[PDB]
Structures are given as structure tokens and as C-alpha cells.
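In the block that follows, a single chain appears as C-alpha cells, in the form deposited in one PDB entry.
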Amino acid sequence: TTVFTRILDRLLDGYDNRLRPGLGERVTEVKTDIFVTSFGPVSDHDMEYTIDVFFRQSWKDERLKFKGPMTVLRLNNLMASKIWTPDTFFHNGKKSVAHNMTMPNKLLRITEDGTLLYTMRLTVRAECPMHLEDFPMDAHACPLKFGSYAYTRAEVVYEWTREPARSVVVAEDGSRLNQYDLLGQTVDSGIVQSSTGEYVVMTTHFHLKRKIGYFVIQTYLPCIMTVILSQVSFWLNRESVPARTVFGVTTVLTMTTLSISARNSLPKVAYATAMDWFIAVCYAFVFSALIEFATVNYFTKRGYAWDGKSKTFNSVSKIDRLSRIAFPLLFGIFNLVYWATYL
């Protein structure tokens, strides 16, 4: 075991971890790949998502060549902090955790050629700005960008280990999403310019699509059936003023209860989304149905309804006959225009 011990001590003799490999001589080329163990929950309220990854970085440091019986060396967590590693960070990260239980979840392997494979298990919260105008029928490409914080592209350049599509791998059971479907991913790279210089950025976009079955059964169907119910009032006789006033007013209250709860699920955004417009139209349809009856009652003459046997009786309102067709049709048209637009 002496031979293994000696090599470790000799490696860091004069090694300066403040200087990148090839400083002032060439450009350090870091090869990266990611294995997504679990694509964590997405928070619409905070407009962020969690992702658990094995972040692998590979680069060459000629200062760490060695010769010995073995061809691969495993470095202790203390040894890894003693050498130079890329100062990679996530541009859109909000608060990230490098797990340290029970030991540091890192691993630094050195090959005799001088190539270093450096893996760490991370939990990352990342910013995913969302345009929620199509909510709940919206799709997003949540990004995950990383690069060197301090080194410009003249000093450190990042590349994917293999074909960009195959460099990011998502575990088969790794989808931990409730309201989204991970359709796929596109992996790209480019240059981003800031006030300090030009930096290389590696980008991965996860394309998410919101599942709508929840909002169909929680919001859309109750709203549609209450609007239909508010229109069912049109088929009652015009002489039942208390019944049609109770009918119309309580459907307004039902819309208020549905509208209030429907917006609790929505993130607290101050602009209008596709569900707000649908509820606003349903609110206007329910409001108009009670205004429709108010006009019918103004032209009602006799306070008694048809007795069922035969003295004169009120005639079926012409407002009602038209409203039994116009109101369902206008709502029907609105639904086709609404759904064809967003679907």
C-alpha cells in the first residue's frame, strides 16, 4: 500500500490550484455531461423547478500525470479541494445544495493520461420564467444554463462529452412531475456577453406541457355546468319569479365560489390568463341570464302561472324563446373559438 500512498503525496508537490491548466498557454477545454436522477417538482408560484443531477466534468491537467501499478486513482474529498476544478455555476440557479450526507457526494478520478473525471450529486433550484397567458394550456421550456463564473471563453471553454443529444440523460423513472409531462429536451451551446466579458454557456431546455385533466374536472366542467344551469332557468315559466330569482342569483354565487377557488390554484400573477378569460366570459353569461329574467319580469302582467287545466294567462316570453337559443349558441361559439385557439 506504500506505492499508492507515495504517489498521492508527490502529485500535489508545487501544484497551484489558483491557476487553470495551460494558463497563458492554451484554452482549457472542459467536457461536461449530466445524468438526471429525478426532474423534481415545478413551482408555478415561485416560477422555479428542482432537478437532481450527477454533474460530470472532464478536463485535462498535465500537472497531475502519474505512473504506477494502477491506471485510475480515486481522490478523497479533502484531496479534491486541493486542486483546480472548474468554477462552474448555474446562471438561473436560485438555491442549490451539494449533498454532504453521510459523506460529501463528490468523486474525483484521475487517469494516468492526466484526464480528470469529477462527479457530484446536486439538487438545483433553477429560475424558469413562465409566460402564463395560455394557462392552464401553456407549455414551457425550462432552461438549465451553466458556465464559468470568472473565466472568459479565451480561458475556459465547455463542451459536451458526446453528441449533445446523448450528453444529457434522464433516468427512466426520473420524472417526478405532477402537473407536467417531460416531452423531451434540446441541448445547445453558445456565447453570452456580459459587462465583464464573453463567456461560454452550455444550455439544456426541458420542454414541459401542463396536464389539463385536473383543471377540466376542477374548474372547466363545474363552470360549464353552472353556466348551462344558469341557462336552464330560461326553460322555467315566467310567472315563477321567486324561483327564477333564486335560480339566477345562486348561480352567480356559485360562479363566485368557483372563480375564487379557481384563482387560488393559479400563481399570484397580476395579469390575465386563459382561465381568467374563460371565467370572465362565464361570469358575463351568468350575469346576463339574470339580467335576461329582469327584462322578462318587466313585461309580465299576471302574477299567476298556467293552472294546468284550461281567465287569461301569460304567454311564453319571446325573450325566453330567443334566449333559449342565443345563450347556448353564443356560449357554444365561444367554446369553439376558445379551445381551438389554445389547443
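Superpose the two forms; the largest set of C-alphas matching within 1.5 Å is the rigid core. Each residue number is its position in the shown sequence, starting from 1.
Omitted from view is the form deposited in another entry, to which the following refers.
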| property | result |
| --- | --- |
| Of 98, 103, 72, 241, the one whose Cα moves 2 Å or more between the shown form and the other one after core superposition | 241 |
| Post core alignment: residue 229 C-alpha displaced by 2 Å or more between the shown form and the other one | yes |
| Threshold 2 Å Cα movement between the shown form and the other one for residue 293, core superposed | yes |
| After fitting the core, residue 329 CA displacement of 2 Å or more between the shown form and the other one | yes |
